[PDB]
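One structure is given here, and the rest of the page talks about it.
Number of protein chains: 2
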Amino acid sequence: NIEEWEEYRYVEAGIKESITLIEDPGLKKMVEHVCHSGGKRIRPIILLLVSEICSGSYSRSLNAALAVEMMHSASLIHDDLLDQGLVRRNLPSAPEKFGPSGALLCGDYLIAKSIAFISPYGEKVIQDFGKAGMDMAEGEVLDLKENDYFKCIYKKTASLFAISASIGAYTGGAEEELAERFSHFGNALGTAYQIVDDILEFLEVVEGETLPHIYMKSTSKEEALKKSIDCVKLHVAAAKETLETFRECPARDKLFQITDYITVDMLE
Amino acid sequence: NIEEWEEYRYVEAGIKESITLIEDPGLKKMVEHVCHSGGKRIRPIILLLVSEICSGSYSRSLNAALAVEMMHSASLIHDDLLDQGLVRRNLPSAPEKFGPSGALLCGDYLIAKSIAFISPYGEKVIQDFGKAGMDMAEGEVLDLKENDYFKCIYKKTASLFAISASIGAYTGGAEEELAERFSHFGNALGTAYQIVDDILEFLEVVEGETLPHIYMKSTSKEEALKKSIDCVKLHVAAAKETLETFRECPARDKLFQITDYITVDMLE
């Protein structure tokens, strides 16, 4: 029950306050929709938890957490625009919650807003934030166009988890060395997270690109699944190995909980 | 001949170096295309010139200038995507240099890249940069949906000119008070600039929304044009009035040249 955590409540509060700032009725309505997805605000919470691990506090990290969530939301909106109305042009138009123009502009608005929110954190944090945004765009380009698959997961998904953790560390007073270790934890979790998502997606196709599909180009179906799940366990193990090197406290305990919650628990 | 200015050459050098950093062949090719538009790099040059006025130097301002140009390019690409394939869905598909997916992702890539380039300039500059990005998205939303027309020009176009000048001032050691005066110059120039563009566009429609069209809802064609041009002269005058309060030097002379070059000179 992450919705019960103080960290979750703080992020939700920041999100709501953020929404009150939107003047354009249309944009406000769209943003309210993307935030009302029932998600668990994993990325921003990870950022606050890391700040807590490093400093025992997270008050000052709220805007960085919101910036990361805004970037995530912008990517979801743009990806929806891509998948629903920009790639299969000769086929029947797919349904879309927001109009195409609305989806594009709402995403641009959110990215710009994330810049305003990340603005007080300094050069290192802001440069990392920018680099993650670039990785995400490049990742999507690859996504629509073995090695490339994993380069894709890293760029499109792992990257944001990595900076949610490193920025959290930086906002909690961490030096480059420590922030780097958190980056590794984030990359590990994010990778396991995406593979899990791809496994579930692969199974949906079976019911009527993903890792299992990639492996089937040379091996059995189940074997492809077995190696995919082994890939998840490998990265989950890598994530926990790193987490174990950090200060023992409730925030660290929560990071362990999140790790299982979004990876192996989804494979039950 | 702005192409002969040291400021122009420095920006061009930065742009070229920036291009060498792009790993994805496709993205690199797209960026090369948007930069190879024959434009005069007005916004980034204004930023460098302002830094010169305030400090006598502009070396340290290159990345801020590039960030502003990247934001401009991203907006042009996204606007092309909007106008060409997201608004007139029931009509024949309009031709596009980049595929729809490519245009969207290239724009997102450039915005993120601008974040990485603006990263070392501090909270005030980065917050202003973010706010301009937001104004631009909101401006486009209004653009496609009297007071609204001018709110549109301010948000979509004047805003970027305003921060190109204010950020230039900040990078040149200016305090809030001085940077604000430059912001006013930029807003003035940007407004005159857009109205001029709208007047030329209006005349193209006459040959076979814009200010002249807006006025015609209650007055004659020529009268609508007369009041539109008077609007240009008003803002050009406002821009020069402000410029005259700044330190007399070659950079200031160049700002006067640019002011006429992109406004009244285009009306001959």
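In the order they appear, the protein sequences are chains A and A'. A prime marks a further copy of an entry chain. Letter by letter, the first sequence follows residues 12 to 156, 164 to 226, 234 to 293 of the authors' numbering. Letter by letter, the second sequence follows residues 12 to 156, 164 to 226, 234 to 293 of the authors' numbering. The beta carbon of each residue, even a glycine, is placed where N, CA and C say it ideally should be.
Backbone secondary structure at residue i - three-state DSSP
i, result
"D35 (chain A)", "coil"
"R100 (chain A)", "coil"
"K242 (chain A')", "coil"
"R52 (chain A')", "coil"
"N12 (chain A)", "coil"
"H89 (chain A)", "helix"
"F271 (chain A')", "coil"
"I126 (chain A)", "helix"
"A192 (chain A')", "coil"
"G118 (chain A)", "helix"
"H202 (chain A')", "helix"
"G226 (chain A)", "coil"
"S68 (chain A')", "coil"
"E107 (chain A')", "coil"
"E293 (chain A)", "coil"
"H47 (chain A)", "coil"
"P131 (chain A)", "coil"
"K258 (chain A)", "helix"
"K173 (chain A)", "helix"
"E234 (chain A)", "coil"
"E266 (chain A')", "helix"
"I287 (chain A')", "coil"
"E164 (chain A)", "coil"
C-alpha gap between residue i and residue j, whole angstroms
i, j, result
"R277 (chain A')", "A143 (chain A)", "38 Å"
"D216 (chain A')", "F200 (chain A')", "24 Å"
"residue 297 (chain A)", "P237 (chain A)", "Because chain A in this structure spans residues 12 to 293, residue 297 (chain A) falls outside the shown range and cannot be described."
"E17 (chain A)", "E63 (chain A)", "12 Å"
"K258 (chain A')", "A264 (chain A')", "10 Å"
"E266 (chain A)", "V79 (chain A)", "25 Å"
"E28 (chain A)", "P111 (chain A')", "34 Å"
"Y211 (chain A)", "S184 (chain A')", "43 Å"
"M291 (chain A')", "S72 (chain A)", "49 Å"
"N12 (chain A)", "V223 (chain A)", "30 Å"
"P131 (chain A)", "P103 (chain A')", "47 Å"
"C117 (chain A')", "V42 (chain A)", "23 Å"
"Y19 (chain A')", "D255 (chain A')", "31 Å"
"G50 (chain A')", "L77 (chain A')", "14 Å"
"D90 (chain A)", "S66 (chain A)", "36 Å"
"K174 (chain A')", "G208 (chain A')", "10 Å"
"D94 (chain A)", "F109 (chain A)", "13 Å"
"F140 (chain A')", "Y69 (chain A')", "18 Å"
"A192 (chain A')", "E14 (chain A')", "27 Å"
"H44 (chain A)", "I88 (chain A)", "11 Å"
"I239 (chain A')", "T284 (chain A')", "25 Å"
"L250 (chain A')", "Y286 (chain A')", "20 Å"
"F271 (chain A')", "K279 (chain A')", "13 Å"
"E293 (chain A')", "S253 (chain A')", "15 Å"
"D35 (chain A)", "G226 (chain A')", "34 Å"
Buried or exposed (CB count within 10 angstroms, at least 16 for buried), residue i
i, result
"residue 160 (chain A)", "For chain A, the structure lists 156 followed at once by 164, and that leaves residue 160 (chain A) out of the model."
"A197 (chain A')", "buried"
"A24 (chain A)", "exposed"
"residue 230 (chain A)", "Coordinates for residue 230 (chain A) are simply not present: the residues of chain A run from 226 and resume at 234."
"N205 (chain A')", "buried"
"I30 (chain A')", "exposed"
"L115 (chain A)", "buried"
"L92 (chain A')", "buried"
"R52 (chain A)", "buried"
"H47 (chain A)", "exposed"
"residue 1 (chain A')", "Residue 1 (chain A') lies beyond the range of chain A' shown here (12 to 293); nothing can be said about it."
"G96 (chain A')", "buried"
"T288 (chain A')", "buried"
"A105 (chain A')", "exposed"
"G113 (chain A)", "buried"
Residue j beta carbon less than 8 Å from that of residue i
i, j, result
"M82 (chain A)", "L178 (chain A)", "yes"
"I33 (chain A)", "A75 (chain A)", "no"
"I181 (chain A)", "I213 (chain A)", "no"
"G186 (chain A)", "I57 (chain A)", "yes"
"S84 (chain A)", "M147 (chain A)", "no"
"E149 (chain A')", "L38 (chain A)", "yes"
"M145 (chain A)", "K124 (chain A')", "yes"
"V261 (chain A)", "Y188 (chain A)", "no"
"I122 (chain A)", "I26 (chain A')", "no"
"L268 (chain A')", "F168 (chain A')", "no"
"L155 (chain A)", "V98 (chain A)", "yes"
"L59 (chain A)", "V22 (chain A)", "yes"
"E247 (chain A)", "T235 (chain A)", "no"
Cβ-heavy atom distance, residue i to the ligand GTP, below 7 Å
i, result
"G25 (chain A')", "The ligand GTP is not part of the structure shown, which contains no ligands of any sort."
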